[PDB]
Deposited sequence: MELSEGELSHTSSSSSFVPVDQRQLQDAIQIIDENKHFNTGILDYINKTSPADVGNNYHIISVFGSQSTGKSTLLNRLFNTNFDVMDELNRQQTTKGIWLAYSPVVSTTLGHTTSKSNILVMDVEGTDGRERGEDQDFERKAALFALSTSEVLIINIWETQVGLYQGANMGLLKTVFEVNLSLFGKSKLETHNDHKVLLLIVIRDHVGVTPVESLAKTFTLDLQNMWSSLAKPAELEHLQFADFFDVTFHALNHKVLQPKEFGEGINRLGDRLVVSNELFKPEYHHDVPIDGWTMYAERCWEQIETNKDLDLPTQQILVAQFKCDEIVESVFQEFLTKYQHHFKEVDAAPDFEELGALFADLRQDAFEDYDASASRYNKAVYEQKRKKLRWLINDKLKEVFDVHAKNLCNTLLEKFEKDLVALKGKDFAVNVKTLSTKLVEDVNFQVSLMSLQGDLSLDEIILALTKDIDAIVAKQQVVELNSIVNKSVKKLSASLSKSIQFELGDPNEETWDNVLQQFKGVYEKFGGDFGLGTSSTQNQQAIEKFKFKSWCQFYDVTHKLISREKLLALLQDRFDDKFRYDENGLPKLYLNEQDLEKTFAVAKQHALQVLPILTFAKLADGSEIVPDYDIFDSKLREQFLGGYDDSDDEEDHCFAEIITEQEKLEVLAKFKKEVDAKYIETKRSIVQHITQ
């Protein structure tokens, strides 16, 4: 005898519904039942019409004040159906859903709930009474055509899916009853119009492409019933209701099987809760008020115009890439441009929703940040490259002078000097330095690691020259007395500093390249060694070597005097001193040796052009220590006795 709210004001679907339903009619409800519901604008007399036509007891508006009355959705079982025969029980149990009216002013702006309940109803009912005033007929929003477009649409997008499966589907009947009908305009005429309005709604909706072909008739039947002014024509109203009672129970011309999705009642109670879950929070159904939606557009409109006012005003400071830059002149010109647009946007948008206005302010800020960044970046990089040059220069300008320790301060100062010089033009850190600083650091590391190769190949080189100096010289100084211990004093130096190489180096290392800083150095000694030999001693300076010795006793006495000859005994006794004094270093220097009499071999397989350019030959190895060739060797002693003896009897003329 009392109804219940299947779904209360705040969207709570009800738990005790099945229980309730079965406790109303003591009959077993099995698949013997109809679901009928009502939809329309606030206070169109719906709770009244259910009450009067089924015989329910939904509250109705007390007429003292026009106000919302039905809240949420309600369900009651119809005892009897008022018909022209008076009251009449029906075969089936008739379950009637009273749904809160649309477009009330209590909830003016959040049409949240109306859309939702309108779709439960539509989704869950065999027959839906669309309850309108005649005077809503040619209306658009006043006939709820907006609300409807939505509701149907989601209905298709959310359960026009189930089908091609041949129920007993939900075709639902759209039972459209016209209230306060005067008669002046024929219902058949009202009907034409409003079905047209519904056909149009149908073409107007978003359709998932699988269903794009689907029509309104496929999903829905429509019929009509007019009802006279209840207050001013009480009787004609009453008869009109009864006439409608006969329509559904007596003639049984309304309900058909197709509406009834054909399962026991518990199946429905379930299908409902389900249907309500999928409705209560649906993405296509979530909507912000008109106001927000309006503010959004309003605010973009401005974003663009203020921005367009930002653009061709910046196409004018920066078409020209500045000649004479200043990062405090710039970060200011920047702040100022951003200041203009804001205050102009603000002048026209602070009216609207603060949040939308705010959301849309931030959007503009970063539209103009990203146009300011472009310029910031340009200069900022123009700066790096300049500085960097100086820095590269700076490195070179201190050859090897304590590398690692100068790398440090210098590289620091760069990074620091950029950070500051460029932070002045970034607008409260709005425009980022991170990517710039990273790209700088990488650049520094690229440079040092190339200045390092230049200092590490310089130390190799400028070490091979304090070697070549002390080396090719303490050859000669040694050579003014060819001893048992020349080589004993020669490689004792050749390798006395062929190690200290050169001490550590102080550059940043490369350890396994610090180490291979030497295997060029050590290869190049074993390359210049041979080259000094093949240059100090050759066919040319060898023939020459004879006389440097030759004269010291064949033309000189006992104390540095040019020998005073005595007999041709003294003339032909000091002639043979030289024949040896011009043969007696060759065993110290034919093929070059060591105080051990064993051959000298090179550290590396040179004479081969493959190990060669890693640091920039006949049959065997045109041998390393082969200073004087195949013969060239004895081509000196074909001349030993030609020139030297063109002096022995050729200077005999001076005893006469």
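- Mapping the modelled residues onto the deposited sequence reveals missing stretches at 1 to 25, 642 to 647, 688 to 692.
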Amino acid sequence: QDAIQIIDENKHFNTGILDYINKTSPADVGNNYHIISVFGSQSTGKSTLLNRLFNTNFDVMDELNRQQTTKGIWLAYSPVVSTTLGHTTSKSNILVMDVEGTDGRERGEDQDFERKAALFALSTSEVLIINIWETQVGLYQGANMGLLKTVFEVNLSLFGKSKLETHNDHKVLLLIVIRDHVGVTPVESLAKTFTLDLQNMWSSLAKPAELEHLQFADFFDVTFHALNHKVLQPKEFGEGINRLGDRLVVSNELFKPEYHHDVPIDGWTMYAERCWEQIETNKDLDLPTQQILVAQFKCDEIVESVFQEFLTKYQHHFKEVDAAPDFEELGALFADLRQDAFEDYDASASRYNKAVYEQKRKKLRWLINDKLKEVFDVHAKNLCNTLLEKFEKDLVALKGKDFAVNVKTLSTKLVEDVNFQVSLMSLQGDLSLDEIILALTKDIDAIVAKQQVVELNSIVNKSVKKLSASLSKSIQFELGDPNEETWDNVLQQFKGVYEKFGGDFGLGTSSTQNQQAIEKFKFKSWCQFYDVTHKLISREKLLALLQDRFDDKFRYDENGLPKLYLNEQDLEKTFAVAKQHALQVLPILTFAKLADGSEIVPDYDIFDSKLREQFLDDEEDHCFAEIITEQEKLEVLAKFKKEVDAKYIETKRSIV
From here on, numbers count along this sequence of modelled residues.
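- Stretches 477 to 485 and 100 to 108 differ in mean CA B factor, with 477 to 485 having the higher one.
- Relative to its counterpart among 327 to 335 and 161 to 169, 161 to 169 has the higher mean temperature factor, C-alpha atoms as listed in the PDB entry.
- Ranking 616, 29, 35, 64 by Cα temperature factor from the entry places 616 first.
- Residue-level inspection of the entry shows that, of 442, 534, 495, 371, 495 has the top Cα B-factor.
- Ranked within its chain, residue 264 lands in the middle third, by CA B factor from the PDB record.
- Residue-level temperature factors show residue 514 in the highest third of its chain, judged at the C-alpha atom.
- Sort the chain's modelled residues by C-alpha temperature factor and residue 450 lands in the middle third, per the entry.
- In this PDB entry, the Cα temperature factor of residue 585 sits in the top third of its chain's modelled residues, the highest group.
- Looking at the C-alpha B-factors along this chain, the one for residue 362 belongs to the lowest third.
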